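*Asks:* Have a look at this one.
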Amino acid sequence: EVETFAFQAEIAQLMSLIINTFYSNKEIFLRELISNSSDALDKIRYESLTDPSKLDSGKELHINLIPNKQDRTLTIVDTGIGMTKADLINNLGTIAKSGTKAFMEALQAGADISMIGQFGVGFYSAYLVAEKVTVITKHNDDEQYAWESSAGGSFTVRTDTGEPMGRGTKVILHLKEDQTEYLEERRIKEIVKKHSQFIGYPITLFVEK
Ligand SMILES: CC(C)NCCCn1c(Cc2cc3c(cc2I)OCO3)nc2c(N)nc(F)nc21
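Heads up: the sequence shown begins at 16 in PDB author numbering, then just goes up one per residue.
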């Protein structure tokens, strides 16, 4: 049962801008995704302080970076708070609409794509290097979902019957043919050290094979 939705015009426009604008500093996508994971981890930790049972789905708070050359994917995994179906289909888009407007106005004023995170829409920077993005997420008290989009103005959502993850989010980046450098251990280590060296959670970079 796969449902297809249309991105709001503003988000579709943002994605097209990210995909079409000539901008060489693409590596910043990783920092934005790790930052999103860190925020999600901060939230579940905060909520667990008043309701310890929210960690029954997993006490470990961390981030895993998993590259796979055979599938040509780079997956950013976290055990943060996770997203509900409502987040994926309506709420995150509602919030992203205003962030997108501010970002594009900032761009015409002289800002550049690397500052996308200051507008709450850094997630979409994933399209700087991925032709398709698959997001698997599980929030307590909601089912595990699989969100997916190759841009083009639409995305899909389905209940994920794959391997249960407990709680958290996995952003699976199906890399563009000319962006496989982000599957190399050397490259990922360099980027994490450069832009995400102070994240307050363990970041484990898995090795290939
Ligand atoms: C309340 C706050 C935590 N929401 C953050 C924005 C959504 N967000 C995002 C950013 C985001 C993710 C999307 C998305 C829109 C956005 I913005 O479309 C489907 O996947 N990343 C995560 C993440 N790793 N974990 C959790 F819990 N939330 C994610």
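From the three backbone atoms N, C-alpha and C, an ideal C-beta is built for every residue, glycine too.
#1: Tell me the rounded alpha-carbon separation between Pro217 and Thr184.
#2: Taking 8 Å as the limit between beta carbons, can you name the residues of its chain near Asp157, skipping five residues before and five after?
#3: With DSSP as the reference, identify every bridge partner of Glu18, one or two as the case may be.
#4: Does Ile151 come out as helix, strand or coil in the three-state DSSP assignment?
#5: Residues in its own chain within less than 7 Å of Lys84 by CB, not counting five upstream and five downstream?
#6: Just mark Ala124 as buried or exposed, buried being the case when its beta carbon has 16 or more other beta carbons within 10 Å.
#7: For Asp127, count neighbouring Cβ atoms within 10 angstroms of its own Cβ and tell me buried if that reaches 16, exposed if not.
#8: When the distance is taken between beta carbons, is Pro82 closer than 7 Å to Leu89?
#9: Flag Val17 as yes when its Cβ comes closer than 6 Å to any non-hydrogen atom of ligand 1, and as no otherwise.
#10: Distance check for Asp66 and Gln133, CA to CA, integer angstroms please.
#11: How many angstroms separate the CA atom of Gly108 from the CA atom of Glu200?
#12: Taking the straight line between their C-alpha atoms, what separation do you get for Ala141 and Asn155?
*Replies:* For this structure:
#1: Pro217 and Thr184: Cα-Cα distance of roughly 15 Å.
#2: Excluding residues within five positions, the ones whose Cβ falls inside 8 Å are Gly97, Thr99 and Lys100.
#3: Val172.
#4: It is a strand residue.
#5: These residues qualify, in order along the chain: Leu198 and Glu223.
#6: Classification for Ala124: exposed.
#7: The residue in question, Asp127, is exposed, as its Cβ has fewer than 16 Cβ neighbours within 10 Å.
#8: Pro82 is positioned such that its CB atom lies closer than 7 Å to that of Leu89.
#9: Not under cutoff, so the answer is no.
#10: In a straight line, the C-alpha of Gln133 is about 30 Å away from that of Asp66.
#11: Each residue's Cα considered, the two are about 33 Å apart.
#12: Distance between the alpha carbons of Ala141 and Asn155: 25 Å.
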